[PDB]
Amino acid sequence: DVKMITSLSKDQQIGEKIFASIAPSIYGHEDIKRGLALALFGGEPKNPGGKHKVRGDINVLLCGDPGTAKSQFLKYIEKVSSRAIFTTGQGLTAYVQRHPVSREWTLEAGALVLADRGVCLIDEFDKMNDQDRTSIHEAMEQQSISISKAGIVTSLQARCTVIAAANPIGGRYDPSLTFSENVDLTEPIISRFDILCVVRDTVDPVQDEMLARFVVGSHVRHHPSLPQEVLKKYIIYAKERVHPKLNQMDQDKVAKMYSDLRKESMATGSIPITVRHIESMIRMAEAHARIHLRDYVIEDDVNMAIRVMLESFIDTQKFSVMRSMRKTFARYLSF
Amino acid sequence: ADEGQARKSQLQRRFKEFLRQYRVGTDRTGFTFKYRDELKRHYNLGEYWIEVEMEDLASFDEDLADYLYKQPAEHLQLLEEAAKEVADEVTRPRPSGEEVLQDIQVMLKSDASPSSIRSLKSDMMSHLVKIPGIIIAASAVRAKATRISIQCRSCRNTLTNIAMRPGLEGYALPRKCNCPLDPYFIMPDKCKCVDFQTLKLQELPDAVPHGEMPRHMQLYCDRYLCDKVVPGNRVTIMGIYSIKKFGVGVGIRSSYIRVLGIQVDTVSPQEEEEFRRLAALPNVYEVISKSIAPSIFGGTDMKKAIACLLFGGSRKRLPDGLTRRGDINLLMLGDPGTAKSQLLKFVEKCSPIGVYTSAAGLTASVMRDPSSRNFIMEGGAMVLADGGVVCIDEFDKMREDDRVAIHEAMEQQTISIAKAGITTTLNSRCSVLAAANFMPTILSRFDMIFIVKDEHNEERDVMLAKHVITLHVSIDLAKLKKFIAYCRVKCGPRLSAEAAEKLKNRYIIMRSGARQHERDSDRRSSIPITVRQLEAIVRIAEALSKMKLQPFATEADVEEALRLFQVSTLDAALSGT
Ligand SMILES: [Zn+2]
């Protein structure tokens with residue numbers, strides 16, 4: 001069963017071959033394909049020896065103007081993943097309920113305890129209510145809920161990765177302001193997300209045909225007159241038989257970047273890469289231990305980790321800063 | 001029928017020869033009669049219970065410890081009736097005031113692998129089981145008639161000495177007086193009673209098959225097992241899985257576990273000295289404040305202050321009964337960058353009593369109960385923390401009413417709600433460690449403000465590169481707590497005459513310029529000194545000089561505390577303008 005997976009992982013170039021296996025229909029977005037693939041397998045939930053409880057869950061937050069297949073990105077991840085659940089934001093915690101059969105006032109499970117090990121697909125993130133907002137943040141940095149309800153005082157477990165998509169205000173994302181303005185979300189919540197992908201639109205002529213032809217053809221072969229087999233068994237296998245290790249040769253390969261970029265960002269109207277970004281980068285370090293079975297930290301996927309952790313930060317920036325920081329780093333990082 | 005009592009009179013004789021003969025220890029050292037001695041030493045103290053161990057019973061007579069696993073109901077009786085005939089030939093002659101022999105509740109423990117609630121299949125009905133869990137509830141103790149006596153109503157015929165069966169099963173009063181149909185009533189004057197509780201046991205968290213809410217079971221404690229465990233404990237129950245007999249489906253019964261063995265999972269003269277010498281050593285101050293925040297580094301003042309809140313000042317009662325505070329409050333202003341949640345978790349973990357809150361609320365509420373249809377009172381966190389410490393984050397998220405009430409609670413140190421049908425008072429005695437992200441008055445309810453700051457020089461960036469791996473990689477608390485537990489309770493510090501004239505001249509000159517500060521600029525908001533802040537200074541110096549078991553504080557720490565405060569007030573000075 002593995003004997004194939006051995007050489008298939010030893011291709012040394014499984015990255016490209018797996019990226020275009022998720023998002024099977026939707027054309028383009030090989031950018032966000034990368035991030036979501038990073039999220040799917042996950043990372044490594046190491047337990048720090050200083051009693052600090054770092055988490056091993058990658059949470060994503062899409063955003064972009066209406067009509068760009070965000071919801072489809074949610075629905076396909078409903079299928080490909082395992083033990084997944086789903087919800088809209090327009091039930092998040094366990095609540096007292098009168099049983100249909102037994103006629104006793106029991107307690108029923110919510111929507112963040114049914115993903116206690118898998119994924120939680122939130123939709124219409126903006127439409128959440130104040131109680132829902134004050135309840136969602138607790139589970140991010142603690143991953144554990146208490147219920148002192150009418151039923152009884154309990155404290156249960158919730159270890160889920162959150163995959164949600166918000167909307168742009170004014171019916172269109174406009175990149176003059178920062179992303180923290182068009183999202184319409186409380187500020188300490190966006191920090192609880194690792195990746196911040198920003199979806200947009202395009203009127204380029206040569207891609208109009210490329211996308212049209214694809215949709216039209218997908219409407220030609222659906223009506224009554226890496227495939228979906230390798231990667232499902234692969235997310236089952238590669239979830240289990242790896243335990244990525246952590247050496248200390250990369251420990252100084254990054255600080256040389258931070259010392260520069262912190263000044264580069266603070267110089268202008270922005271807050272540089274902070275520790276809650278280094279944590280995301282170091283989490284996505286192992287995100288490729290699951291694809292390659294590599295499990296050893298190398299100066300190769302650190303070029304990838306830093307690249308991604310800046311990819312999800314240059315976009316959420318100002319008008320001329322999203323390009324000034326590019327002219328500096330996108331040419332500096334030697335992409 | 002006639003062989004029944006003839007077997008029993010031969011079991012109650014082999015259960016008696018076990019207590020009377022079982023020894024331990026080898027032949028080289030010397031022996032020890034294990035259960036006679038405990039019977040005597042527990043009777044003479046007035047306890048009346050032994051703790052028989054099942055391995056011993058097995059190793060002495062192998063058949064008995066099997067019956068006890070199969071028919072525990074009708075054999076525990078013989079065991080507890082032999083424990084009473086052995087405790088008679090051991091303690092007698094009882095001296096003067098007691099000459100009636102009591103009854104010995106024989107508990108029993110074991111060393112065997114535990115089952116789990118999900119493994120209680122109905123073939124285990126009336127077999128000793130052994131399950132772990134967590135207590136989740138506790139009823140109030142009640143009476144339970146054991147030896148009851150009835151009387152007729154019309155002809156006044158008595159039929160006494162009737163014995164109830166143990167567990168949750170009643171009794172069927174006759175109807176054939178030998179007078180109307182059921183002429184029998186209970187005589188309340190003649191009925192021996194024993195206590196009984198009723199707990200509720202939830203299954204351990206790491207054994208739920210993870211799709212649902214954990215299942216729980218119901219217990220039934222007895223005479224000496226009552227008031228032995230508190231909701232929140234870990235236990236290991238040895239009970240007789242059985243059924244209620246108070247006589248969805250046609251033949252369904254209820255089920256409980258009659259507990260007859262209980263366990264719990266987890267100061268010294270020589271330990272006192274490691275507190276003594278540590279309080280006496282010259283650099284006693286920094287040694288603690290260094291080992292109270294290993295992960296987070298930078299600006300030990302925000303860790304210097306937290307050292308005092310763990311000790312606190314002292315509670316004084318003037319002649320007027322006008323008591324004084326004995327706790328402190330702290331505010332850590334600044335952006336939420338998750339650097340502070342770690343600190344909250346630490347201070348909560350290393351505290352004698354402590355709760356970290358983001359349910360019912362913080363202060364008390366008045367809620368319309370579904371059952372009563374009326375309003376009831378819900379004391380929140382600050383009434384459960386007795387002397388402990390409460391940690392709070394996002395000081396603008398808490399409910400408007402709740403924030404008002406926490407303001408008043410830090411003001412007066414008690415919560416008194418006068419609403420629909422509720423007029424009570426709850427003493428709030430805890431410590432507030434708040435983290436911010438605001439009136440000049442809720443701000444002034446505290447005494448110490450710490451806001452966050454940083455730089456960006458490339459040597460500063462070398463400090464940052466240092467701090468990178470200090471987190472990339474990832475005096476003990478286990479004795480720090482047991483040190484505080486003895487330090488708080490043995491020191492009575494007050495101020496010495498010189499600290500008085502130090503503080504007077506510091507505070508007067510702190511006031512003396514606020515005038516010319518606010519008379520000209522008056523930027524619609526500022527923060528001046530108040531006597532509440534002065535009292536805060538005094539109760540800080542007390543907590544400093546309590547680190548050293550030093551019953552009299554001096555100028556040794558007043559000036560550094562005043563400079564700490566020159567930091568903590570200038571912070572809010574910069575923030576409020
Ligand atoms: Zn009669």
# chains A, B, ... in the order shown; residues from 1 in each chain; ligands from 1

$ residues_around --residues "residue 143 in chain A" --least-positions-apart "6" --cutoff "9 Å" --atoms "only C-alpha atoms" --output "PyMOL selection string"
chain A and resi 55+157-160

$ interface_residues --of "chain A" --to "chain B" --cutoff "9 Å" --atoms "only C-alpha atoms" --output "NGL selection string"
:A and (46-52 or 54 or 101-102 or 107-109 or 113-117 or 134 or 138 or 141 or 146-149 or 152-154 or 156-157 or 188 or 191 or 248 or 251-252 or 254-256 or 258-260 or 262-263 or 266 or 274-276 or 278-279 or 282)

$ write_last_selection --atoms "C-alpha atoms" --output "mmCIF file, in the first residue's frame"
data_model
loop_
_atom_site.group_PDB
_atom_site.id
_atom_site.type_symbol
_atom_site.label_atom_id
_atom_site.label_comp_id
_atom_site.auth_asym_id
_atom_site.auth_seq_id
_atom_site.Cartn_x
_atom_site.Cartn_y
_atom_site.Cartn_z
ATOM 1 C CA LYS A 46 4.583 20.423 19.239
ATOM 2 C CA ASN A 47 4.280 20.819 22.997
ATOM 3 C CA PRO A 48 6.727 23.483 24.229
ATOM 4 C CA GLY A 49 8.724 22.375 27.255
ATOM 5 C CA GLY A 50 8.150 25.698 29.010
ATOM 6 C CA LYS A 51 4.396 25.248 29.504
ATOM 7 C CA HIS A 52 3.371 27.676 26.775
ATOM 8 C CA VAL A 54 1.735 26.449 21.161
ATOM 9 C CA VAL A 101 -37.523 10.896 21.601
ATOM 10 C CA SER A 102 -36.539 10.790 25.267
ATOM 11 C CA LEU A 107 -27.290 19.018 26.246
ATOM 12 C CA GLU A 108 -26.453 18.805 22.542
ATOM 13 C CA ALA A 109 -23.170 19.385 20.759
ATOM 14 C CA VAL A 113 -16.944 20.378 19.166
ATOM 15 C CA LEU A 114 -17.822 18.274 16.098
ATOM 16 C CA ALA A 115 -14.451 19.234 14.598
ATOM 17 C CA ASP A 116 -12.549 18.336 17.772
ATOM 18 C CA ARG A 117 -9.765 16.949 15.549
ATOM 19 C CA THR A 134 -16.835 36.666 21.860
ATOM 20 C CA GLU A 138 -11.717 31.967 23.043
ATOM 21 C CA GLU A 141 -5.609 30.568 21.572
ATOM 22 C CA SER A 146 -16.400 25.821 29.307
ATOM 23 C CA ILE A 147 -20.179 25.455 29.577
ATOM 24 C CA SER A 148 -21.735 26.628 32.851
ATOM 25 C CA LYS A 149 -25.183 26.401 31.300
ATOM 26 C CA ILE A 152 -24.373 21.515 34.139
ATOM 27 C CA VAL A 153 -20.903 23.057 34.498
ATOM 28 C CA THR A 154 -18.460 21.271 32.170
ATOM 29 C CA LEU A 156 -14.778 20.136 27.084
ATOM 30 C CA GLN A 157 -12.176 20.031 24.302
ATOM 31 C CA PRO A 188 -7.572 40.944 17.737
ATOM 32 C CA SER A 191 -4.339 38.012 14.571
ATOM 33 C CA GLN A 248 18.773 24.212 15.219
ATOM 34 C CA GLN A 251 17.453 29.139 14.225
ATOM 35 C CA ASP A 252 19.701 31.953 12.989
ATOM 36 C CA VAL A 254 15.697 33.876 9.898
ATOM 37 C CA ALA A 255 16.648 36.587 12.410
ATOM 38 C CA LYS A 256 18.817 38.218 9.731
ATOM 39 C CA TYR A 258 13.542 40.020 10.939
ATOM 40 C CA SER A 259 16.092 42.608 12.048
ATOM 41 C CA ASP A 260 15.846 44.183 8.590
ATOM 42 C CA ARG A 262 11.014 45.163 11.292
ATOM 43 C CA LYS A 263 12.737 48.465 10.584
ATOM 44 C CA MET A 266 7.942 50.362 11.154
ATOM 45 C CA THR A 274 5.544 40.155 14.759
ATOM 46 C CA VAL A 275 5.925 36.993 16.841
ATOM 47 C CA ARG A 276 2.443 35.797 15.879
ATOM 48 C CA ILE A 278 6.980 33.811 13.243
ATOM 49 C CA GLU A 279 4.752 31.235 14.934
ATOM 50 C CA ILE A 282 7.396 27.883 12.047
#

$ select_by_dssp --residues "range 381-523 of chain B" --states "alpha helix (DSSP H)" --output "ChimeraX atom specification"
/B:400-412,458-472,477-487,497-518

$ closest_atom_pairs --of "range 228-273 of chain A" --to "range 284-292 of chain A" --cutoff "9 Å" --atoms "only C-alpha atoms" --output "JSON lines"
{"residue": "A:234", "atom": "CA", "partner": "A:291", "partner_atom": "CA", "distance": 8.8}
{"residue": "A:235", "atom": "CA", "partner": "A:290", "partner_atom": "CA", "distance": 8.5}
{"residue": "A:238", "atom": "CA", "partner": "A:290", "partner_atom": "CA", "distance": 5.5}
{"residue": "A:239", "atom": "CA", "partner": "A:290", "partner_atom": "CA", "distance": 6.7}
{"residue": "A:240", "atom": "CA", "partner": "A:290", "partner_atom": "CA", "distance": 9.0}
{"residue": "A:241", "atom": "CA", "partner": "A:290", "partner_atom": "CA", "distance": 8.9}
{"residue": "A:242", "atom": "CA", "partner": "A:290", "partner_atom": "CA", "distance": 6.8}
{"residue": "A:243", "atom": "CA", "partner": "A:289", "partner_atom": "CA", "distance": 8.1}
{"residue": "A:244", "atom": "CA", "partner": "A:289", "partner_atom": "CA", "distance": 6.1}
{"residue": "A:245", "atom": "CA", "partner": "A:286", "partner_atom": "CA", "distance": 8.5}

$ residues_around --residues "range 217-224 of chain A" --least-positions-apart "4" --cutoff "9 Å" --atoms "only C-alpha atoms" --output "short mmCIF file (atom, residue, chain, number, x, y, z; two decimals) with C-alpha atoms, in the first residue's frame"
data_model
loop_
_atom_site.label_atom_id
_atom_site.label_comp_id
_atom_site.auth_asym_id
_atom_site.auth_seq_id
_atom_site.Cartn_x
_atom_site.Cartn_y
_atom_site.Cartn_z
CA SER A 25 -12.52 22.82 -11.39
CA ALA A 212 -14.64 30.82 -20.38
CA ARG A 213 -13.62 27.72 -22.35
#

$ select_by_dssp --residues "range 403-544 of chain B" --states "strand (DSSP E)" --output "number ranges by chain"
B: 414-419, 422-427, 429-435, 449-450, 494-495

$ write_last_selection --atoms "C-alpha atoms" --output "CSV table (one decimal), in the first residue's frame"
chain,number,residue,atom,x,y,z
B,414,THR,CA,-18.3,43.2,48.3
B,415,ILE,CA,-21.3,42.8,45.9
B,416,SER,CA,-24.8,43.7,47.1
B,417,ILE,CA,-27.7,43.4,44.6
B,418,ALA,CA,-31.1,44.8,45.5
B,419,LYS,CA,-33.4,43.6,42.8
B,422,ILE,CA,-32.9,39.4,46.0
B,423,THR,CA,-31.3,41.5,48.7
B,424,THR,CA,-28.0,39.8,49.7
B,425,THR,CA,-24.3,40.5,50.1
B,426,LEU,CA,-21.3,38.5,48.9
B,427,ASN,CA,-17.8,39.4,50.2
B,429,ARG,CA,-11.9,39.0,48.4
B,430,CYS,CA,-9.7,38.5,45.4
B,431,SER,CA,-7.0,40.2,43.4
B,432,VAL,CA,-7.6,41.8,39.9
B,433,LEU,CA,-4.8,41.4,37.4
B,434,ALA,CA,-6.2,43.2,34.3
B,435,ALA,CA,-4.9,43.5,30.8
B,449,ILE,CA,-0.6,51.0,35.0
B,450,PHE,CA,1.9,49.3,32.6
B,494,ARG,CA,3.6,47.4,59.4
B,495,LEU,CA,5.5,50.6,58.7

$ decode --residues "range 280-417 of chain B" --atoms "C-alpha atoms" --output "PDB file, in the first residue's frame"
ATOM      1  CA  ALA B 280      17.117  35.796  54.856  1.00  0.00           C
ATOM      2  CA  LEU B 281      19.598  35.649  51.970  1.00  0.00           C
ATOM      3  CA  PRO B 282      20.835  39.102  50.859  1.00  0.00           C
ATOM      4  CA  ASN B 283      19.419  39.160  47.310  1.00  0.00           C
ATOM      5  CA  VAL B 284      16.033  37.681  48.233  1.00  0.00           C
ATOM      6  CA  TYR B 285      14.161  40.153  46.034  1.00  0.00           C
ATOM      7  CA  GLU B 286      15.256  39.338  42.491  1.00  0.00           C
ATOM      8  CA  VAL B 287      15.548  35.558  42.919  1.00  0.00           C
ATOM      9  CA  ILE B 288      11.757  35.244  42.809  1.00  0.00           C
ATOM     10  CA  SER B 289      11.037  37.919  40.186  1.00  0.00           C
ATOM     11  CA  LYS B 290      13.498  36.091  37.926  1.00  0.00           C
ATOM     12  CA  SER B 291      11.735  32.699  38.128  1.00  0.00           C
ATOM     13  CA  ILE B 292       8.139  33.907  37.650  1.00  0.00           C
ATOM     14  CA  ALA B 293       8.158  34.402  33.870  1.00  0.00           C
ATOM     15  CA  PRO B 294      10.621  32.083  32.091  1.00  0.00           C
ATOM     16  CA  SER B 295       9.098  32.198  28.602  1.00  0.00           C
ATOM     17  CA  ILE B 296       8.360  35.906  28.250  1.00  0.00           C
ATOM     18  CA  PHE B 297      11.398  38.146  28.656  1.00  0.00           C
ATOM     19  CA  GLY B 298      11.880  41.914  28.829  1.00  0.00           C
ATOM     20  CA  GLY B 299      11.104  44.660  31.305  1.00  0.00           C
ATOM     21  CA  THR B 300      11.286  42.848  34.639  1.00  0.00           C
ATOM     22  CA  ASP B 301       9.283  45.663  36.271  1.00  0.00           C
ATOM     23  CA  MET B 302       6.125  44.137  34.834  1.00  0.00           C
ATOM     24  CA  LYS B 303       7.423  41.016  36.597  1.00  0.00           C
ATOM     25  CA  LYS B 304       8.714  42.874  39.644  1.00  0.00           C
ATOM     26  CA  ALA B 305       5.212  44.108  40.483  1.00  0.00           C
ATOM     27  CA  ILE B 306       3.520  40.725  39.995  1.00  0.00           C
ATOM     28  CA  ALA B 307       5.753  39.351  42.742  1.00  0.00           C
ATOM     29  CA  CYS B 308       3.969  41.507  45.323  1.00  0.00           C
ATOM     30  CA  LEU B 309       0.409  40.628  44.304  1.00  0.00           C
ATOM     31  CA  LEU B 310       1.149  37.007  45.172  1.00  0.00           C
ATOM     32  CA  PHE B 311       1.875  38.032  48.787  1.00  0.00           C
ATOM     33  CA  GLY B 312      -0.177  41.174  49.401  1.00  0.00           C
ATOM     34  CA  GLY B 313      -0.325  43.556  52.328  1.00  0.00           C
ATOM     35  CA  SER B 314      -2.095  42.866  55.623  1.00  0.00           C
ATOM     36  CA  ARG B 315      -5.694  43.355  56.737  1.00  0.00           C
ATOM     37  CA  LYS B 316      -6.019  45.901  59.550  1.00  0.00           C
ATOM     38  CA  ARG B 317      -9.067  46.587  61.706  1.00  0.00           C
ATOM     39  CA  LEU B 318      -8.963  50.031  63.292  1.00  0.00           C
ATOM     40  CA  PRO B 319     -10.946  50.456  66.539  1.00  0.00           C
ATOM     41  CA  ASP B 320     -13.920  51.553  64.385  1.00  0.00           C
ATOM     42  CA  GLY B 321     -14.071  48.182  62.636  1.00  0.00           C
ATOM     43  CA  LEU B 322     -13.236  50.200  59.512  1.00  0.00           C
ATOM     44  CA  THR B 323     -11.155  47.461  57.941  1.00  0.00           C
ATOM     45  CA  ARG B 324      -8.591  48.101  55.226  1.00  0.00           C
ATOM     46  CA  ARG B 325      -7.776  46.363  51.966  1.00  0.00           C
ATOM     47  CA  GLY B 326      -5.355  43.470  51.852  1.00  0.00           C
ATOM     48  CA  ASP B 327      -4.942  43.043  48.104  1.00  0.00           C
ATOM     49  CA  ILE B 328      -3.650  44.952  45.075  1.00  0.00           C
ATOM     50  CA  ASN B 329      -4.815  45.528  41.497  1.00  0.00           C
ATOM     51  CA  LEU B 330      -2.762  45.700  38.307  1.00  0.00           C
ATOM     52  CA  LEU B 331      -3.368  46.953  34.781  1.00  0.00           C
ATOM     53  CA  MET B 332      -1.179  45.969  31.832  1.00  0.00           C
ATOM     54  CA  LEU B 333      -2.193  48.375  29.088  1.00  0.00           C
ATOM     55  CA  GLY B 334      -1.031  47.925  25.521  1.00  0.00           C
ATOM     56  CA  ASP B 335      -1.855  46.213  22.254  1.00  0.00           C
ATOM     57  CA  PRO B 336      -3.107  42.622  22.449  1.00  0.00           C
ATOM     58  CA  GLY B 337      -0.071  40.843  21.050  1.00  0.00           C
ATOM     59  CA  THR B 338      -0.589  37.568  22.943  1.00  0.00           C
ATOM     60  CA  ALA B 339       2.556  38.322  24.981  1.00  0.00           C
ATOM     61  CA  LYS B 340       0.260  38.924  27.959  1.00  0.00           C
ATOM     62  CA  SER B 341      -1.966  35.832  27.787  1.00  0.00           C
ATOM     63  CA  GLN B 342       1.072  33.732  28.680  1.00  0.00           C
ATOM     64  CA  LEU B 343       1.600  35.870  31.770  1.00  0.00           C
ATOM     65  CA  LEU B 344      -2.051  35.586  32.785  1.00  0.00           C
ATOM     66  CA  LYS B 345      -1.880  31.802  32.463  1.00  0.00           C
ATOM     67  CA  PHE B 346       1.298  31.696  34.539  1.00  0.00           C
ATOM     68  CA  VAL B 347       0.004  33.867  37.380  1.00  0.00           C
ATOM     69  CA  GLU B 348      -3.192  31.819  37.435  1.00  0.00           C
ATOM     70  CA  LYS B 349      -1.299  28.524  37.528  1.00  0.00           C
ATOM     71  CA  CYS B 350       1.177  29.511  40.261  1.00  0.00           C
ATOM     72  CA  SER B 351      -1.456  31.002  42.584  1.00  0.00           C
ATOM     73  CA  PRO B 352      -2.888  29.536  45.811  1.00  0.00           C
ATOM     74  CA  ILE B 353      -6.343  30.419  44.476  1.00  0.00           C
ATOM     75  CA  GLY B 354      -6.812  31.852  41.011  1.00  0.00           C
ATOM     76  CA  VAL B 355      -9.175  32.078  38.048  1.00  0.00           C
ATOM     77  CA  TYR B 356      -8.510  33.369  34.530  1.00  0.00           C
ATOM     78  CA  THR B 357     -11.639  34.675  32.818  1.00  0.00           C
ATOM     79  CA  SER B 358     -12.286  36.116  29.376  1.00  0.00           C
ATOM     80  CA  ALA B 359     -20.854  32.102  31.359  1.00  0.00           C
ATOM     81  CA  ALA B 360     -22.865  33.406  34.312  1.00  0.00           C
ATOM     82  CA  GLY B 361     -20.610  36.470  34.531  1.00  0.00           C
ATOM     83  CA  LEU B 362     -18.005  37.975  36.852  1.00  0.00           C
ATOM     84  CA  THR B 363     -20.223  39.617  39.464  1.00  0.00           C
ATOM     85  CA  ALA B 364     -23.602  38.420  40.657  1.00  0.00           C
ATOM     86  CA  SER B 365     -26.660  38.327  38.404  1.00  0.00           C
ATOM     87  CA  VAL B 366     -30.418  37.989  38.884  1.00  0.00           C
ATOM     88  CA  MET B 367     -31.872  35.466  36.451  1.00  0.00           C
ATOM     89  CA  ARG B 368     -35.405  34.206  35.872  1.00  0.00           C
ATOM     90  CA  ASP B 369     -35.247  30.513  36.774  1.00  0.00           C
ATOM     91  CA  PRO B 370     -37.340  28.281  34.464  1.00  0.00           C
ATOM     92  CA  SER B 371     -38.517  26.116  37.376  1.00  0.00           C
ATOM     93  CA  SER B 372     -39.227  28.826  39.943  1.00  0.00           C
ATOM     94  CA  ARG B 373     -40.396  31.304  37.263  1.00  0.00           C
ATOM     95  CA  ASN B 374     -38.828  33.830  39.671  1.00  0.00           C
ATOM     96  CA  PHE B 375     -35.495  35.583  39.983  1.00  0.00           C
ATOM     97  CA  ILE B 376     -32.514  33.883  41.619  1.00  0.00           C
ATOM     98  CA  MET B 377     -29.013  35.080  42.476  1.00  0.00           C
ATOM     99  CA  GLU B 378     -25.859  33.966  40.632  1.00  0.00           C
ATOM    100  CA  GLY B 379     -22.629  34.787  42.418  1.00  0.00           C
ATOM    101  CA  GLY B 380     -20.023  34.824  39.671  1.00  0.00           C
ATOM    102  CA  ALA B 381     -16.257  34.458  39.887  1.00  0.00           C
ATOM    103  CA  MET B 382     -15.261  37.231  42.298  1.00  0.00           C
ATOM    104  CA  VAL B 383     -17.347  35.626  45.047  1.00  0.00           C
ATOM    105  CA  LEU B 384     -15.766  32.184  44.566  1.00  0.00           C
ATOM    106  CA  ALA B 385     -12.197  33.534  44.697  1.00  0.00           C
ATOM    107  CA  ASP B 386     -11.609  33.803  48.456  1.00  0.00           C
ATOM    108  CA  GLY B 387      -8.321  35.650  48.896  1.00  0.00           C
ATOM    109  CA  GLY B 388      -7.243  34.346  45.484  1.00  0.00           C
ATOM    110  CA  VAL B 389      -6.475  36.184  42.245  1.00  0.00           C
ATOM    111  CA  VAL B 390      -8.638  36.846  39.190  1.00  0.00           C
ATOM    112  CA  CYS B 391      -7.144  37.520  35.759  1.00  0.00           C
ATOM    113  CA  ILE B 392      -8.998  39.423  33.039  1.00  0.00           C
ATOM    114  CA  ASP B 393      -8.291  40.311  29.417  1.00  0.00           C
ATOM    115  CA  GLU B 394      -9.930  42.666  26.912  1.00  0.00           C
ATOM    116  CA  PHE B 395     -11.283  45.066  29.510  1.00  0.00           C
ATOM    117  CA  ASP B 396     -13.732  46.583  26.995  1.00  0.00           C
ATOM    118  CA  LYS B 397     -15.466  43.315  26.065  1.00  0.00           C
ATOM    119  CA  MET B 398     -17.172  42.642  29.393  1.00  0.00           C
ATOM    120  CA  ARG B 399     -20.904  43.310  29.600  1.00  0.00           C
ATOM    121  CA  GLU B 400     -21.804  46.918  30.434  1.00  0.00           C
ATOM    122  CA  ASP B 401     -23.709  45.891  33.563  1.00  0.00           C
ATOM    123  CA  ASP B 402     -20.894  43.492  34.454  1.00  0.00           C
ATOM    124  CA  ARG B 403     -18.271  46.213  34.058  1.00  0.00           C
ATOM    125  CA  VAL B 404     -20.271  48.557  36.286  1.00  0.00           C
ATOM    126  CA  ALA B 405     -20.506  45.836  38.911  1.00  0.00           C
ATOM    127  CA  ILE B 406     -16.806  44.999  38.771  1.00  0.00           C
ATOM    128  CA  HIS B 407     -16.077  48.701  39.233  1.00  0.00           C
ATOM    129  CA  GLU B 408     -18.179  48.736  42.397  1.00  0.00           C
ATOM    130  CA  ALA B 409     -16.680  45.427  43.562  1.00  0.00           C
ATOM    131  CA  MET B 410     -13.110  46.705  43.381  1.00  0.00           C
ATOM    132  CA  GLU B 411     -14.394  49.869  45.087  1.00  0.00           C
ATOM    133  CA  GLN B 412     -16.088  48.308  48.130  1.00  0.00           C
ATOM    134  CA  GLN B 413     -14.821  44.678  48.073  1.00  0.00           C
ATOM    135  CA  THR B 414     -18.342  43.248  48.263  1.00  0.00           C
ATOM    136  CA  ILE B 415     -21.312  42.837  45.934  1.00  0.00           C
ATOM    137  CA  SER B 416     -24.824  43.732  47.109  1.00  0.00           C
ATOM    138  CA  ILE B 417     -27.678  43.361  44.614  1.00  0.00           C
TER     139      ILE B 417
END
